[PDB]
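Reviewing the structure listed below.
Note that each Cβ is placed from the backbone with ideal geometry, even for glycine, and that neighbours are counted across all protein chains shown. Derivation of every value follows stated rules applied to the coordinates shown; laboratory data play no part.
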Amino acid sequence: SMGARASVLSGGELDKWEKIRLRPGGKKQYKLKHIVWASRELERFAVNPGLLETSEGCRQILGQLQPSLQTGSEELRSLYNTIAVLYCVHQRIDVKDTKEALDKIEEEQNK
Amino acid sequence: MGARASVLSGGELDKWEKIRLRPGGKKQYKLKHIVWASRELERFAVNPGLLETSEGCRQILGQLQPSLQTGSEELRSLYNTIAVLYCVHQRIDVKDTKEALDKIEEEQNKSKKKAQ
Amino acid sequence: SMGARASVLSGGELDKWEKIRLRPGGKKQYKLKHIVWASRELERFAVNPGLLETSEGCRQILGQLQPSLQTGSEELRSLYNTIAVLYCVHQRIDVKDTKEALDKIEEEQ
Ligand SMILES: O=P(O)(O)O[C@H]1[C@@H](OP(=O)(O)O)[C@@H](OP(=O)(O)O)[C@@H](OP(=O)(O)O)[C@@H](OP(=O)(O)O)[C@@H]1OP(=O)(O)O
Ligand SMILES: O=P(O)(O)O[C@H]1[C@@H](OP(=O)(O)O)[C@@H](OP(=O)(O)O)[C@@H](OP(=O)(O)O)[C@@H](OP(=O)(O)O)[C@H]1OP(=O)(O)O
Ligand SMILES: O=P(O)(O)O[C@H]1[C@@H](OP(=O)(O)O)[C@@H](OP(=O)(O)O)[C@@H](OP(=O)(O)O)[C@@H](OP(=O)(O)O)[C@H]1OP(=O)(O)O
């Protein structure tokens, strides 16, 4: 029975999560399965998955993951992209797709 | 013998099996913990032979400490074991993991405070 | 029987790959398998395995692997070693064994 489908995002967080599209202009949208995947991934990399539960938990993860980005595989970048959106959701920063999330994260990063 | 378990000498296993995992708790360290730590090290692509010496463990802890604040329970357990393992090699008598960690940065403190 | 070996080295790079020896004065030499292995080794470490197809790709993987090298396991150093030779091949640097390859990588760094 239940797992990380309940501890990472709140109900309202969740309903905004399942409206965000994976690729800009695309058809497919984040589901619970991506959150489960990301949490199990974090522990397979020895990172604390509880950090997914808060906006700075993810801020910390993304800081630790980013230097691996250039050389990272498709798996790494998906994990990072998912955690970027989770950050957007925890911050209540409205996003339409993954791309807009990385954008807003860099804009917040420039100031 | 035992391949991964022999990082400790016969005498070191004797004090090893006396050190409590958590302070005031009664469960203690066993072979299963060293075997586990070794296997975890090579699962993080680190050389398990480093557990054989005080500075093998010194090097491992330095390589792991950056990952500690965001690390998972398995990484903190690994660090804690290697911390205790370092104190055993160093003949530093400790009673639980907390003591091992506490002395660990007394070492890491004086290293920096006479450097400065 | 799927490939993943013609993606990394060209046919002529392959002919020189297969003359490099694993160790100086040694008898054993690099083979296709060393590249298959290196490639899956990079996906298990979360790295993009396409970076092996270009010298620039390898140059970067080496940079991000070097820090782990002092405390790294036998498995890590063999990955690093294999990719160091891959680099010189891509770079048209001629080496006879893993040691020469590692040395030249050293002086570049
Ligand atoms: O993206 P919109 O142009 O805004 O239009 C709608 C809509 O938005 P409205 O609230 O204005 O009706 C719904 O979002 P919800 O009310 O359900 O929260 C939604 O409706 P249904 O899925 O129930 O049909 C659905 O898609 P989704 O929930 O998958 O985002 C869809 O968005 P799209 O127009 O992009 O399909
Ligand atoms: O004589 P030992 O066989 O070596 O056993 C004693 C002890 O009793 P004493 O007061 O007579 O010394 C405890 O036994 P327990 O009640 O806790 O169940 C304790 O035993 P533990 O091993 O379980 O802690 C401790 O044992 P040790 O230090 O070996 O871990 C210690 O042994 P030492 O006096 O030799 O240190
Ligand atoms: O045509 P061959 O005289 O038989 O030459 C080859 C070959 O040389 P070429 O393919 O270029 O002609 C290699 O030696 P090198 O050219 O690098 O010096 C080879 O060794 P490899 O397995 O690394 O290719 C080996 O010479 P060796 O006995 O040193 O291994 C071998 O000659 P043989 O097939 O007669 O052994």
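Per-structure values
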read-out	value
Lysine pairs in chain C with Cα atoms under 16 Å, if 8 or more residues apart or on separate chains	18
If the convex hull is drawn through the Cα atoms of segment C:45-109, its volume per residue in Å³	81 Å³
Residues of type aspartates and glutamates that B:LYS113 reaches as a straight line, Cα spacing below 18 Å, ignoring anything fewer than 8 places off in the same chain	B:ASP102, B:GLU105
Rounded FRET efficiency, nearest 0.05, which uses the C-beta distance separating B:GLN65 from C:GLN66 and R0 of 22 Å	0.70
25 °C / 0.890 mPa s Stokes-Einstein diffusion coefficient of segment A:17-80, Kirkwood radius on C-alpha pairs, µm²/s	194 µm²/s
Reduced Cα scattering model of chain B, Debye log10 I(q)/I(0), q = 0.14, 0.21 Å⁻¹	-0.54, -1.23
Segment B:1-67-segment C:75-97 distance, computed between alpha-carbon centres (Å)	34 Å
Rel. contact order, % - alpha carbon contacts under 8 angstrom, at least six apart, chain C	30 percent
Charge context of C:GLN66, other residues only, Cβ under 12 angstrom, K/R +1, D/E -1	0
Under 5 Å, built H, 5+ apart or other chain: amide partners of C:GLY72	B:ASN47
Inter-label distance for B:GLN116 and A:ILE93, nm, one decimal - labels placed 7 Å from Cα along Cα-to-Cβ	3.3 nm
Cα-based radius of gyration of the protein assembly as shown once divided by 2.2 N^0.38 Å, which approximates compact folds	1.17
Under 5 Å, built H, 5+ apart or other chain: amide partners of B:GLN28	B:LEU21
Exposure proxy ranking, count of Cβ atoms within 10 Å, fewest first, for A:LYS31, B:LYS32	B:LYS32, A:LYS31
